[PDB]
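Structure 1 and structure 2, given next as structure tokens, are two forms of the same protein chain, each shown alone.
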Structure 1
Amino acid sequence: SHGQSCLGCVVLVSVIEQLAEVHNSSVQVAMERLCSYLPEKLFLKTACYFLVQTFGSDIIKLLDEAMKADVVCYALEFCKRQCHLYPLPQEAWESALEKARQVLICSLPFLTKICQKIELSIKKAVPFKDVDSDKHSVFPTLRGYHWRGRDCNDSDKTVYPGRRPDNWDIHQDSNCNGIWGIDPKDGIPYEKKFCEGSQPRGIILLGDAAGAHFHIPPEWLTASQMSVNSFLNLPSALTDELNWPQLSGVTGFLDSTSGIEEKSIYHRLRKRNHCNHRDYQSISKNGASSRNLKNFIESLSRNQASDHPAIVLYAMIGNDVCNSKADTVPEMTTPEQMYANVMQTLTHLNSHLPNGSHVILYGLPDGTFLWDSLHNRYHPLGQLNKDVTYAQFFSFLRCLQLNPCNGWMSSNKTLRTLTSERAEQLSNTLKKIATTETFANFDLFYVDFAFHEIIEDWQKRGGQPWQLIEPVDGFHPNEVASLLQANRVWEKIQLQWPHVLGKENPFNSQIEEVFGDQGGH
């Protein structure tokens, strides 16, 4: 727990220092300026002012002595001994620390219960706001409709996206796809006329942080461009666990910020058959791996008897080789364990998916890409003064036991190579499972990651490989990379296994004519 506290202190004190530098101001003014940028929502501004009240005068004192954020946070004891973010020799650290010494909430009784209620729903990966308990929400975050189709009736547990339509939806839109009622000419229900025989299916992601599109905007950490507008998305991002599933390559339903034209798998499936409107679920968690998926897979919502079938993407693309343990190789999953873990998941899916479903296993990428692309580039926190490379950033995180992938985010080339060998072996295990293992309620397919193909296509497009990686964590594929990978999966399945995606619905135009945007998302 010291790790996060240390990292959080070092980030905050770094922004304060750089805001002072950028604006040529006192530290007092820089702290007031940061608080002025933060929204009131989620008590962020008030928390900022509380911190300034509590620690402001000590921060002023130490930053005035020209100590950097890492030293300050040890001195204030947010960090406990020594992890260097900024380049400074050991001798200079011992100097500064002796001089520093020389120079120098859910316990609220009315919050405890709601805090536990929120921690629980997050741990179970189910929406906190869900009156009828069908796991679909009217609220966007806290596992709400950013993560799955919005509930059109939160007072009816039999109304939710992906349901087979009750009574062809004559009187209610029971599956939230915006199609319901009867044609006045022939009295035929629109959902019957427009969706019967079209074989609707949902998209379900079983994913990790990359699949849920973990993303810390570098705008939150770069003083030179910071403003009130930088942090408007901070409350919702925090209550989404710093994930942005609504923009992900598999389950995204908002229009891309990036400016590439590639669309999510959900968007493509909705476009192929508009009856699939709102039928997405991101069953994804930061840190998810083949080993621990069983701890939250029960949050998936698909009633075997009453729901349309689904396409399920199994996308554990790294945490079976990526971990934060100093001796990192012993915690990497073995091929034999991977086989046992995946078979357990598939056996579980078989008894919880409607017949006619499809499961796609994703291979693991080769992540040596991370070090090679980034190690000599400057991290957002090092860009002002050109003093924190990604190598220094990775080393700092490793010292804090917070590096999310010690095997690849490492200056040790032999270890980077070993990690890639293991990832390939695990991908080959997934491949073999898809080729040889059969289940009653779904068929099973393998698609490799093949980031070399994505990097090549990106290079043809005029891009550089470093532009495919989240700038703040230096680890996850960013929104562009995620959409490029989803496009590759879509095309490959379209070419080899077109039945997985179904046919285009010939009534799509008539659906749009009668129902417009089908209620939106």
Structure 2
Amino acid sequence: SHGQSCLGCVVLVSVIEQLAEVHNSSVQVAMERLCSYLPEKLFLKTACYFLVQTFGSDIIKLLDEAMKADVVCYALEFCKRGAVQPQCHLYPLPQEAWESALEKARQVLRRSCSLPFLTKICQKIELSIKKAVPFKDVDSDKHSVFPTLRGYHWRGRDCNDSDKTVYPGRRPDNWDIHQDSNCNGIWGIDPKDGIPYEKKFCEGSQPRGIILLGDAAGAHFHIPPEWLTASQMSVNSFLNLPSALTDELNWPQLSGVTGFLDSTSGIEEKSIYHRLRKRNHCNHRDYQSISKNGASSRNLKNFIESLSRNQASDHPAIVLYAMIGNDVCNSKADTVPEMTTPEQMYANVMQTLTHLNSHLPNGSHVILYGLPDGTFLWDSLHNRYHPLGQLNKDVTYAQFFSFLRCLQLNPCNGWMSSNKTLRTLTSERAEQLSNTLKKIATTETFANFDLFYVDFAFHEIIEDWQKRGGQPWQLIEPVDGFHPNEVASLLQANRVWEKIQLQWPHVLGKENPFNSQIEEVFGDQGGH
């Protein structure tokens, strides 16, 4: 909270200063320009102009004294030193020079979420974090007709939000003669022979859904670098800001597992959902991302009940257990003691699997993902420039991670660290947890699903990518410097798909021979 207010101030002031540089304008003009770019939705533009009204004169005075954003934000008291909270420097400065600058700033100012609108934004964000089910959902079946706030970006769109027995993944109601009860777009009678289309096209095709149990990576956490790069900034940079905020800065609709939109990169690789739908068009809309920022084996229990699958009335599902780093990645200064132990991981996963067995239809399939070896994050990025540092070449990822660490906001103290010993210990723990998951999958059995393990194998992805001409830093989210980006997520989903195809082809089911007839009769099946 102190960390978040400090970091927010430093980012905003940095963008203001860089916009003044890019346009060769005054700071007043740069601040007007920033606010002018923002959407009116969610009070974003209005909040910006209120901030400029409240703090703008002081920002002008301190940038006029050549203070950088970190000094400005301490002078303005958005950043504060405490007994167990040192002052955090984003830019390298001798201590004397930092203290002189901060004292000058404080002198300049002496000469002469409670805020309106921002409070509204803060409340809506908190509510989005707290809730794992859609806000708009008249019939309470957890599927929505709206995209964000845990709506159809996260799970198949509800084709009838006035009927809690109509939703994606349901076994059809007497072959869907009069209503498309399972939202796959297939319904009605073939006039040639009187046979219900859902019966002739889907009977015996063994439909199944895809369910992700995921973290921020799984939900495709992504802050557009366009929001922080003054050199290319305009109105069009922020058009996606309202939707991204109401999706908790996640983009599940573009994720490697549950993505259903056309990919940004346009690469061949498609999401697991897209491949399952392609294999059997009866599976149209049967995706769910049961994923939350910060999820780990320890706290998945706090939102897994948001999963929607009726054991008696729904088709089976492929369930991917993808707690792929927060059991080792944390923000505690003494970070190793905070990491999950193999014994804790065993207990936590067994509790999840026992819960799943009583909440999945029989015939389901559960795949446990191993944890990545994140040592290539530091290796790939530490000398490159962060988006906020690209204009003036003055913030490397090493400097960015050090700043976050000081603020207790670094998302992975163990891997995003200049300390090689610590990075090695973190990878060792991740491999021990992966071994625990592999032991569970090859030993424990459950009545309603079979159980499997797949390794994460980031090295396979980096090799695929380097073979195509790419570099490893291009696989990482530029703003957070931590999460796999959209490309990386899709490449990893491709590896997983192909492993399942070779190792356990029954998990994917058969290719439906009526796919082409489904498209001829129903087209896009109602879209997404």
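All residue numbers here refer to structure 1's sequence, counted from 1. By rigid core we mean the largest C-alpha set that fits within 1.5 Å across both forms.
Core-based superposition between structure 1 and structure 2 shows that, of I122, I433, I170, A237, only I122 has its Cα displaced by 2 Å or more. Core-aligned CA deviation for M343 between structure 1 and structure 2: less than 2 Å. Relative to the superposed core, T414 undergoes a C-alpha shift smaller than 2 Å between structure 1 and structure 2. Once the rigid core is used as the reference frame, the Cα position of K113 differs between structure 1 and structure 2 by 2 Å or more.
Here the two forms are laid over each other by their core, and the C-alpha of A92 is off by 1.5 Å between structure 1 and structure 2. Superposed on the rigid core, the forms differ at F369: its CA is offset by 0.6 Å between structure 1 and structure 2. Here the rigid core is superposed, and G259 then shows its C-alpha moved by 2.4 angstrom between structure 1 and structure 2.
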